[PDB]
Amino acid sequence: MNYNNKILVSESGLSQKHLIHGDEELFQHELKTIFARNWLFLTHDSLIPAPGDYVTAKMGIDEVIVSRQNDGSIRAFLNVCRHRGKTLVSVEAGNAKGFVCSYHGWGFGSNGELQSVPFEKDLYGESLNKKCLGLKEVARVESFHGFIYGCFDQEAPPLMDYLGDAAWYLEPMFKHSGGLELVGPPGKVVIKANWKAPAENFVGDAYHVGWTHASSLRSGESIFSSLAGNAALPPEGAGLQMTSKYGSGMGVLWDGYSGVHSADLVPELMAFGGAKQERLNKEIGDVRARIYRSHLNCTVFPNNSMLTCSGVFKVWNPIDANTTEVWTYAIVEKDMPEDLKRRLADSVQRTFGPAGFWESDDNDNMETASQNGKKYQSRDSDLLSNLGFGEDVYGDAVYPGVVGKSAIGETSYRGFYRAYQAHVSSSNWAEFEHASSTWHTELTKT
């Protein structure tokens, strides 16, 4: 397949070839043009707060060691020995000043440097140039309010610019709330879906909620429960959708601070969020203070998703075109009482974790939609994302980005796939930029 010419996503992001969820050659191409190029979620300050603390993380199909340095910075390195390529670290988290390979005993520092080689003097003499044998380092590592992302491509935009218009929406909860903590360790489960299936669902799919999650809505008694079985459509003005240049997007459901949490947490959460909102009105204005306590379903392009207020935080780690390893963390506000943080974390896992009853509702939808992309008669078929097209705006006086002023639509699918296609057909960031110079115009046509 010629990725320069092949139209995998049609103009304005209106449709995508179903093969994108199944084609292994395209998956391999994504490793280069999506995962090696873009910002990927690694960890949070709260999981590696002290010097020497480390975790392992996936970046695409690669594994990295993410380590807190003595100077307080974070560096990340391929989890691969520079001698004969053995996996250096076999645990998920810990604290160490270095990592010793279990094959021939080479010792690397937390800073990636090759610090020791067994019997170096007797074996290599002065011939081994250890300065050139440091672990392969992730070129770019940056933080968004404690959330640590990595990128293999030195040419990438800074993380903040990459978030583009989505940053404005995330800031009330990520910054102005006093800050968030990630509660680990994550749940980890393999699903037989393409990573794009849950990514697209979290970035912009409110339409599915009442029907897909009918049983969870009816059984859990959460605040969005009126949607069960499409019994009710959210009123006008119930929310909006947004998307951005580099592909990140989200839905906003006004005021839904208790999110998917069962009735057992609703009163406590609605009091807490409302109280902080009243304080934030004076600091960031009424609209942004309201966004703070509004439910955001967001994907940070390509494969990191979240539900703010619900507190669900996801990495869709790619394995192959029909296999994804789902990492699920909880996010909590730092200044919440500890007992509330604990119950909120359990509730995130209860609803969206390995035995998350909400998450289970999505399994067949995402697995079959992905697997159908391999089927002969469906490869060249068109997946539709045209809901709301012709009603999106850009440059609004209040809400930035390409915005659909309705709670349910496919605005964020269109922006996600526009960026996806621009990357797949480009050889580098400069080409992506050239392919994106009229990004918002393309999205707001008709």
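Residue positions are given as counts along the sequence shown, with the first one as 1.
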Given 109-117 and 139-147, the range whose Cα B-factors average higher in the PDB entry: 109-117
Residue stretch of maximal mean CA temperature factor, 63-71 vs 413-421: 63-71
Per the entry, which of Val260, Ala321, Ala369, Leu307 tops the list for Cα B factor? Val260
Out of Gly85, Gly249, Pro354, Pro267, which shows the largest CA B-factor listed in the entry? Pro267
Where does the C-alpha B-factor of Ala397 rank in its chain, lowest, middle or highest third? middle
Lowest, middle or highest third - CA B-factor, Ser216: highest
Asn79: CA temperature factor from the record, placed by chain third, in the middle
Going by the recorded CA B-factors, say which third of the chain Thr56 sits in, lowest, middle or highest. lowest
Of the three thirds of its chain by CA temperature factor, lowest, middle or highest, which one includes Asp380? middle
